[PDB]
S.K.: 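Can you read through this structure? Questions will come right after.
The chains referred to below are lettered A, B, ... by the order of the sequence lines, with proteins before strands, and numbering in each begins at 1. All values below were derived from every heavy atom in this structure, side-chain atoms included, with hydrogens, water molecules and symmetry-related copies excluded.
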Number of protein chains: 2
Amino acid sequence: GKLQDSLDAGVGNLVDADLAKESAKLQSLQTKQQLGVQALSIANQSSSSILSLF
Amino acid sequence: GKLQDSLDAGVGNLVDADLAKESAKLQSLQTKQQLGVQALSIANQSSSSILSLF
């Protein structure tokens with residue numbers, strides 16, 4: 001029984017993720033995605049300024 | 001008659017338990033069991049703290 005518990009703990013050490021770090025990574029990536037969307041939206045508009053020259 | 005009495009006394013010396021110590025160990029182990037149940041119940045709650053971070 002003790003050996004089976006040790007094997008289960010070892011599997012958990014191998015594959016289980018640390019959700020506390022993921023809680024910060026998620027919010028950081030959401031903010032980064034919003035700024036990326038806004039930057040691409042600003043980038044789309046570059047051609048519109050040429051109309052002013054004619 | 002005396003020899004049979006001595007044989008019975010020797011058997012009792014070999015196998016009979018000393019209940020005076022058992023009376024103390026019983027209460028000590030009941031307290032130990034209560035604390036073990038409470039400690040395991042505390043340990044079951046480790047996953048609840050993760051929910052607060054999301």
Side-chain angles (χ1 to χ4, degrees):
Chain A
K2 295 214 190 133
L3 169 60
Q4 177 195 237
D5 280 346
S6 290
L7 293 182
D8 279 349
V11 160
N13 299 354
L14 280 191
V15 298
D16 269 3
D18 181 13
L19 309 167
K21 293 187 286 185
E22 294 294 328
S23 66
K25 291 174 70 175
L26 178 71
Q27 294 179 356
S28 313
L29 282 152
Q30 293 179 356
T31 286
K32 185 177 180 180
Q33 186 195 39
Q34 306 276 252
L35 282 71
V37 172
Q38 293 179 357
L40 169 47
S41 200
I42 297 169
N44 296 115
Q45 293 179 356
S46 68
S47 179
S48 59
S49 87
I50 297 169
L51 278 171
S52 296
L53 305 158
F54 300 76
Chain B
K2 294 181 176 67
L3 182 72
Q4 168 186 36
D5 272 350
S6 296
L7 287 193
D8 277 347
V11 164
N13 291 351
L14 294 174
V15 298
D16 291 331
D18 191 343
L19 306 150
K21 322 187 181 179
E22 295 294 328
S23 46
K25 293 187 286 185
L26 176 83
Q27 293 179 356
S28 296
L29 294 174
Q30 293 179 356
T31 311
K32 211 150 163 203
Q33 177 180 63
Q34 295 298 109
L35 282 71
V37 181
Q38 184 178 2
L40 167 48
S41 179
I42 292 163
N44 296 115
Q45 312 288 129
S46 282
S47 179
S48 55
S49 296
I50 301 299
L51 264 185
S52 296
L53 315 179
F54 301 82

S.K.: Rounded at 0.5 Å granularity, tell me how far CG in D8(B) sits from CG in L3(B).
M.R.: 10.0 Å
S.K.: Who are the side chain to side chain contact (heavy atoms under 4.5 Å, CB included) partners of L26(B), not counting sequence neighbours?
M.R.: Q30(B)
S.K.: Return the set of residues passing side chain to side chain contact (heavy atoms under 4.5 Å, CB included) with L29(B) (not counting sequence neighbours), or none when no residue passes.
M.R.: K32(B)
S.K.: In the hydrophobic clustering that connects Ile, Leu, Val, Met, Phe, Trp and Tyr at side-chain heavy-atom distances below 4.5 Å, which members other than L19(B) occupy its cluster, ordered by chain and number?
M.R.: none
S.K.: If you link ILVMFWY side chains whenever their heavy atoms are less than 4.5 Å apart, which other residues fall into the same cluster as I50(A)? By chain and number, please.
M.R.: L53(A), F54(A)
S.K.: If you look only at pairs with a residue in residues 43-54 of chain A, which of them pass as a side-chain hydrogen bond (donor to acceptor under 3.5 Å, both in side chains), with sequence neighbours excluded?
M.R.: none
S.K.: Can you list the steps and then say if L35(A) with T31(A) is a side-chain contact (heavy atoms from CB on, under 4.5 Å)?
M.R.: CA-CA 6 Å; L35(A) 282 71; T31(A) 286; 3.7 Å; yes
S.K.: Pairs in or reaching into residues 14-25 of chain B: which pass side-chain hydrogen bond (donor to acceptor under 3.5 Å, both in side chains), with residues at least two apart or in two chains?
M.R.: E22(B)-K25(B)
S.K.: To the nearest 0.5 Å, what is the distance between NZ on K2(B) and CG on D5(B)?
M.R.: 9.0 Å
S.K.: Check the hydrophobic clustering (I, L, V, M, F, W, Y; side-chain heavy atoms under 4.5 Å; chains of links allowed) and say if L40(A) and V37(A) are grouped together.
M.R.: no
